[PDB]
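Below you'll find the structure, written out as structure tokens, and then a few comments.
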Amino acid sequence: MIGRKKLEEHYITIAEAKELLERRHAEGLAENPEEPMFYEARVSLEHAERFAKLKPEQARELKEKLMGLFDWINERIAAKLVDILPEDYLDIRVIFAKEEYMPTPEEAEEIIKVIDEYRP
Amino acid sequence: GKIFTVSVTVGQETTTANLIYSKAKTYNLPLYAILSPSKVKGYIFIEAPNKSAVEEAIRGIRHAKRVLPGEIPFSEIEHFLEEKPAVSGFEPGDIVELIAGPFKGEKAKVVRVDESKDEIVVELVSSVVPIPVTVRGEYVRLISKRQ
Amino acid sequence: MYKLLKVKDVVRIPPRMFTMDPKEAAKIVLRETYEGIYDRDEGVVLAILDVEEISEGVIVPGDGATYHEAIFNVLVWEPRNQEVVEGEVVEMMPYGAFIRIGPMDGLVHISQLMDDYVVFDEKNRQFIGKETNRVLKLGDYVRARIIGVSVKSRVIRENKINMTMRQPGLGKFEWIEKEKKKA
Amino acid sequence: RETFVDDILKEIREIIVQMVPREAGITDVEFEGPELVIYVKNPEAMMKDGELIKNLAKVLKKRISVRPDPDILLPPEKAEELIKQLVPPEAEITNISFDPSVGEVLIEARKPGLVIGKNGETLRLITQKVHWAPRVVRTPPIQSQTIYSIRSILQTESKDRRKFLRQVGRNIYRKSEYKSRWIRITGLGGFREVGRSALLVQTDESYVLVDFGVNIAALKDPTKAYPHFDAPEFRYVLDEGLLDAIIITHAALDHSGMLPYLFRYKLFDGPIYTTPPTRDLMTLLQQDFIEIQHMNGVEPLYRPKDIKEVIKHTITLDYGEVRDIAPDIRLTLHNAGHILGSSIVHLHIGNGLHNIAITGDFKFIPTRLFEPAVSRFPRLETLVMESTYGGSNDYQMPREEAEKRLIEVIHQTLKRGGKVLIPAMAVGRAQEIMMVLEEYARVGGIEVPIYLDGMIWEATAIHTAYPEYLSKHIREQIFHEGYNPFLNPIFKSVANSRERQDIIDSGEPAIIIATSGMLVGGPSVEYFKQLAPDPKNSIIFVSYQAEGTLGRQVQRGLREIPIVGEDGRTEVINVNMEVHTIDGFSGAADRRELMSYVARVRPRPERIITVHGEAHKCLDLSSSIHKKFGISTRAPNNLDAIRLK
Amino acid sequence: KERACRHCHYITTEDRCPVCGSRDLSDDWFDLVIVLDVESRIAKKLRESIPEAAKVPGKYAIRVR
DNA sequence: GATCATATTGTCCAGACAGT
DNA sequence: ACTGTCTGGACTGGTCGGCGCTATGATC
RNA sequence: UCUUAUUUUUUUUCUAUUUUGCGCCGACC
Ligand SMILES: [Zn+2]
Ligand SMILES: [Zn+2]
């Protein structure tokens, strides 16, 4: 349990976490010792910059588009979808097999060409 | 003949019983019978016409504390004077505690029990590897009945 | 799974940090206190971003330090059961392969890495398929979902993560591309 | 079972009174362990010369121990003075103790050679003038806690030890020289596998256990961690108490790890025949194993009182000494050459019926620390051999250029002012590294101190206490010359963490010999953590590294190893010091060494059993020996019985 | 020493058994029973279990090992 | 001689209670 | 409803200094 | 001149860093 109580909880994406870790790295560089963070945070930043598929503002726009498109999905589902960036039915199926809902091919397709917009 | 209980020091009930027997032999006491089972510790049974004879016979012995006021029914001590091996009533799969032997003060689980050789086979629960050992049937005590 | 939380907490500022700004001192204390640990209901506490609001301090008896009620932003990572994640294999040993997916290192069993008795090559730390003839090497991007998280300790390294990979649609990126080509 | 010990003792007494002069006054003749003890009233006429004692020992085939009868006994406060006057002052006697229950005097002295005698006549003269049977032990120049504890245990438990020895002597000589109907070898462990070795020699009269050990590698699985206790033969032997003796080839966890487990649950009550160095090193290793098992959080295998009981049930046998350990089985121990006190076990069954030679871990090339393995036996029929390096491609590099590379790496490290950290085992390669460093520093190559940390000092002290078990060169240096290689001033030992911190913070060059090759525990981890960021330092690995350990991780070239530091936060070790791997100091026999031992053994064994190694390596070694020499070779699995005769 | 007979379960100090006339003696025994009266109930219980025991006053036992 | 299980079961004030 | 009776609890704090005690009757 | 049984591959190191209690007596504030 972090703190006395939790006010807001959000499922943040990889790109925004990478931006936050870069800000922390800049703060540590401003800090006099040459080591900005510990092993776990530095390794997390390295993994995020290795898997930096989307820009933070593009990831935010995609997440808000997913949130406003449907109603049964949550922040976690949108974050996972923008992390994976699915292209066909296989990855969507292996993502949603253990989930509460096995989406139909039509909504899977609409998620697919919502995802592939401005996709690198 | 009524059965009464005489409390004695633990571990020397047989010596006190022998002393009472010698006193009865050499003092003309109206004592009918004396019993001292090995399983019962610290007490002996005396079959006598009345408790007064019991307290008179045990009087003068510093190792005999007192005589219990009640009278023991014969059905309670009937099973004591019965020919029955100590390994009887022990079934494999339960847990026992070894009273004596090289494994003194150890809990184990019964694997094989036979009454012809008056011995029992137990596996130590504290042993990481299961190695059965043999121990006399009267050296164990049942702690929990299970199959 | 990465998470952003807004947490209100009492922060203890020692008298040596009195000359500094209260927000900066609270941020420093929270960074030295909560960062680098594991929480049962929150996960890997990765970073403290900033402190939004702070309150007037209260001095408790027996301590000269000042306690402030402060709200701050925390970036954490929480592994979820049956959650898919992409990572990179960073360590390979015979009983299982270690992949980096974030602050933690997930473990993938050699038995359950594939539906094939894959042999471990000790010469170059490689995984070789007997029938599929697919080679797994270091630095290969993989995707797998988690099935077991050990939260028995508050230390990140002592926590154990086990994933599942034998299901179709998982494995190396080239394997996923080849599977998509068939479909 | 029936016992004819009384008749044998009566006939032995009759032979003695026929041969020994009547005026000697023979009162009692008894059996103590594998030896025959005779109590006399007039020792002056008993041992006027050693020829009579030698003839009695040859005729009776017993280790004759002539002691004065307890009826007459000089007072200890006067016996000490007569012993000090009689023993030359050159032999520094450190302790004198007296056992009056059975007349004995234990003399713990720095120079046992002068106390014992030129041909043993000094002991006879002492026990003639003072009427106290003497037993001389060596005072170690480096004090050892384990040896002192063992001596104190043996002294304070003289009654129990004497009763156990008497019962062992009664059990051994329950019958005369017996020809066994059949001889069988069974492997309860260590067959087609490494670790948890256990051998069973079975006859129709006696059963003998050999090097009962434990498997450290497979400790998570109880099935593979311990020797098979479900073997019907082992169950029968342990159940009916028919185990005559236990013999330990050498002091190691795979050969003596499970020994106190039998005494923990009172599964064994007989003797354990082993060399004194093997005994002390085995107790030290067992104590260490129990300590790390108790630290790791798992339940310890046995209590230290079980190790004490093992000490109380241990009989010391020197090299080349033949003792009767079973009515049909004689036991002797030869120099294996693997570690200190490592013994090749030669079991002679029957009167020429069969001979088994269990080598165990051994080395055939002449090393600096120990003499080469004994390849000559009076008779040999079955040879049980290790196969740790039995593979075709298993070729260890020679020792000369390996030690040259180690010396030059150390010299280059000390030239730039760095520190040398050498993780090593508790025994074996560590003392070899110490000897190589001492030889290098004796000519003036290096004057830097050498720090021994983490129980290596205890092993060094045990090595000093038994110099006769070392190599010929070290024996020549210690005995004939006045220079002890282990007593060099460069070798230093720490006292606490303060001295270790002072060594780490010291800017002068130094050599540190650690305690754990894997850097799993001991001061090795602390030294690695505090010396890794310095690039001038270096680390030398003299042993194999196991996967998943810190040693293998730092050997594989990892420049940043994340470990669990204090406060539950991951701290990285930035390894900038040089990493070296010189694995040429292994004490195990090479494949070429095994082939040379097979070719040069005398006499040629009828059959060879390849054990103590991986299954493929054992099969390869057996096939190679069969194809090269034609000897029948077998590599059986566990729970396999081979009928030798 | 102290020994108990195996047939009549009598406890005697010397080698001879003066009650049953048998030549089997056991050094290990428990459950000492003292008989002073013929008609006493525990003597009758001994008689029905061991037909050759509790015939004369003295010492007896139920089981001998 | 050296060990070993057992070793017994002054006054005053206030609250609760049978008795009449 | 009264009245004498049985039972239970507490009896100022602190300090200096000393004296003395904390096994034994069977068993091999 | 006849019934009712089955059958096969994925977990690692030879070991380690300042005597209480009980009770008595006396004295002082
Ligand atoms: Zn070995
Ligand atoms: Zn009889």
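Please note that chains go A, B, ... in the order of the structure tokens, that every chain numbers its residues from 1, and that ligands are numbered from 1 in the order shown.
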- Excluding residue C:173 and residues on its chain fewer than 2 positions from it, collect all residues at most 6 Å away from it, counting only C-alpha atoms (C1' of nucleotides), and give them as a list in words. residues 141, 175 and 176 of chain C
- Task: Give me every helix (DSSP H, G or I) residue in stretch 13-46 of chain E, going by DSSP on the backbone, as a PyMOL selection string.
- Result: chain E and resi 41-46
Selection export as a JSON list (two decimals), in the first residue's frame, atoms kept: N, CA and C atoms:
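This is the output file out00.json:
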```json
[["chain", "number", "residue", "atom", "x", "y", "z"],
["E", 41, "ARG", "N", -10.77, -62.19, 43.67],
["E", 41, "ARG", "CA", -11.30, -62.02, 42.32],
["E", 41, "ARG", "C", -10.19, -61.92, 41.28],
["E", 42, "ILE", "N", -9.10, -61.22, 41.60],
["E", 42, "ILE", "CA", -8.02, -61.11, 40.63],
["E", 42, "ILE", "C", -7.32, -62.45, 40.45],
["E", 43, "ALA", "N", -7.28, -63.28, 41.50],
["E", 43, "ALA", "CA", -6.74, -64.63, 41.35],
["E", 43, "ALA", "C", -7.62, -65.47, 40.42],
["E", 44, "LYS", "N", -8.94, -65.31, 40.52],
["E", 44, "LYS", "CA", -9.84, -66.01, 39.62],
["E", 44, "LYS", "C", -9.68, -65.52, 38.18],
["E", 45, "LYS", "N", -9.48, -64.21, 38.00],
["E", 45, "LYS", "CA", -9.23, -63.68, 36.67],
["E", 45, "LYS", "C", -7.92, -64.19, 36.10],
["E", 46, "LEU", "N", -6.90, -64.34, 36.95],
["E", 46, "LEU", "CA", -5.65, -64.95, 36.52],
["E", 46, "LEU", "C", -5.85, -66.41, 36.13]]
```
- Query: Which residues, written as a list in words, have at least one atom at most 12 Å from residue F:2, with only C-alpha atoms (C1' of nucleotides) counted and residues fewer than 3 positions away on the same chain left out?
  - Reply: residues 159 of chain D; 27 and 28 of chain G
Selection above as a file: N, CA, C and O atoms (P, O5', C5', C4', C3', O3' and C1' of nucleotides), as a PDB file, in the first residue's frame:
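out.pdb, freshly written:
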```pdb
ATOM      1  N   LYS D 159      35.370 -43.055  29.049  1.00  0.00           N
ATOM      2  CA  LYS D 159      34.603 -44.238  29.430  1.00  0.00           C
ATOM      3  C   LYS D 159      33.758 -44.750  28.269  1.00  0.00           C
ATOM      4  O   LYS D 159      33.777 -45.947  27.952  1.00  0.00           O
TER       5      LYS D 159
ATOM      6  P    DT G  27      16.005 -49.898  43.789  1.00  0.00           P
ATOM      7  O5'  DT G  27      17.219 -49.709  42.765  1.00  0.00           O
ATOM      8  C5'  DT G  27      17.104 -48.785  41.690  1.00  0.00           C
ATOM      9  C4'  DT G  27      18.343 -48.815  40.814  1.00  0.00           C
ATOM     10  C3'  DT G  27      19.033 -50.180  40.711  1.00  0.00           C
ATOM     11  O3'  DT G  27      19.295 -50.488  39.349  1.00  0.00           O
ATOM     12  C1'  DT G  27      20.598 -48.512  41.304  1.00  0.00           C
ATOM     13  P    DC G  28      19.633 -51.996  38.909  1.00  0.00           P
ATOM     14  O5'  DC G  28      21.193 -51.952  38.561  1.00  0.00           O
ATOM     15  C5'  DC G  28      21.676 -51.034  37.588  1.00  0.00           C
ATOM     16  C4'  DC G  28      23.183 -51.139  37.443  1.00  0.00           C
ATOM     17  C3'  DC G  28      23.713 -52.554  37.185  1.00  0.00           C
ATOM     18  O3'  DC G  28      24.648 -52.535  36.114  1.00  0.00           O
ATOM     19  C1'  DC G  28      24.846 -51.579  39.012  1.00  0.00           C
TER      20       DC G  28
END
```
- Write out as a list in words which residues come within 12 Å of residue F:4 when counting only C-alpha atoms (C1' of nucleotides), dropping same-chain ones fewer than 6 positions away.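 Non-adjacent residues within range: residues 11 of chain B; 24, 25, 26 and 27 of chain G.
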Any chance you can output those residues with C-alpha atoms (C1' of nucleotides) as a compact mmCIF listing (two decimals), in the first residue's frame?
```txt
# COMPACT_ATOMS: atom_id res chain seq x y z
CA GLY B 11 8.91 -45.73 39.33
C1' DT G 24 17.92 -36.90 47.56
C1' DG G 25 17.06 -42.29 48.57
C1' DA G 26 17.77 -46.21 45.12
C1' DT G 27 20.60 -48.51 41.30
```
- Task: Excluding stretch 18-20 of chain G and residues on its chain fewer than 6 positions from it, collect all residues at most 10 Å away from it, counting only C-alpha atoms (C1' of nucleotides), and give them as a list in words.
- Result: residues 23, 24, 25 and 26 of chain H
- Item | All residues having an atom within 10 Å of ligand 2 (only C-alpha atoms (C1' of nucleotides) and all ligand atoms) as a PyMOL selection string | chain E and resi 4-12+16-25+52-53+60
Convert the current residue selection to file output with C-alpha atoms, as a PDB file, in the first residue's frame.
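Contents of the output file selection-v4.pdb:
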```pdb
ATOM      1  CA  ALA E   4      10.227 -65.181  36.094  1.00  0.00           C
ATOM      2  CA  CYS E   5       8.906 -68.519  34.872  1.00  0.00           C
ATOM      3  CA  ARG E   6       7.348 -68.809  31.419  1.00  0.00           C
ATOM      4  CA  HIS E   7       4.764 -71.559  32.032  1.00  0.00           C
ATOM      5  CA  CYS E   8       3.104 -70.613  35.338  1.00  0.00           C
ATOM      6  CA  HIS E   9       4.404 -66.999  35.218  1.00  0.00           C
ATOM      7  CA  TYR E  10       5.759 -67.278  38.775  1.00  0.00           C
ATOM      8  CA  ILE E  11       8.407 -64.870  40.070  1.00  0.00           C
ATOM      9  CA  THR E  12      11.237 -66.612  41.922  1.00  0.00           C
ATOM     10  CA  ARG E  16      14.243 -73.858  40.590  1.00  0.00           C
ATOM     11  CA  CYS E  17      10.542 -73.227  40.020  1.00  0.00           C
ATOM     12  CA  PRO E  18       8.799 -74.748  43.062  1.00  0.00           C
ATOM     13  CA  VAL E  19       5.235 -74.440  41.717  1.00  0.00           C
ATOM     14  CA  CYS E  20       5.139 -75.902  38.192  1.00  0.00           C
ATOM     15  CA  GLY E  21       8.419 -77.833  37.948  1.00  0.00           C
ATOM     16  CA  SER E  22       9.564 -76.501  34.566  1.00  0.00           C
ATOM     17  CA  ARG E  23      13.041 -75.534  33.374  1.00  0.00           C
ATOM     18  CA  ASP E  24      12.252 -72.337  31.423  1.00  0.00           C
ATOM     19  CA  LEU E  25      13.135 -69.011  33.048  1.00  0.00           C
ATOM     20  CA  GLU E  52      -1.621 -72.861  35.653  1.00  0.00           C
ATOM     21  CA  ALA E  53      -1.200 -69.564  37.542  1.00  0.00           C
ATOM     22  CA  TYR E  60       2.624 -63.874  39.279  1.00  0.00           C
TER      23      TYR E  60
END
```
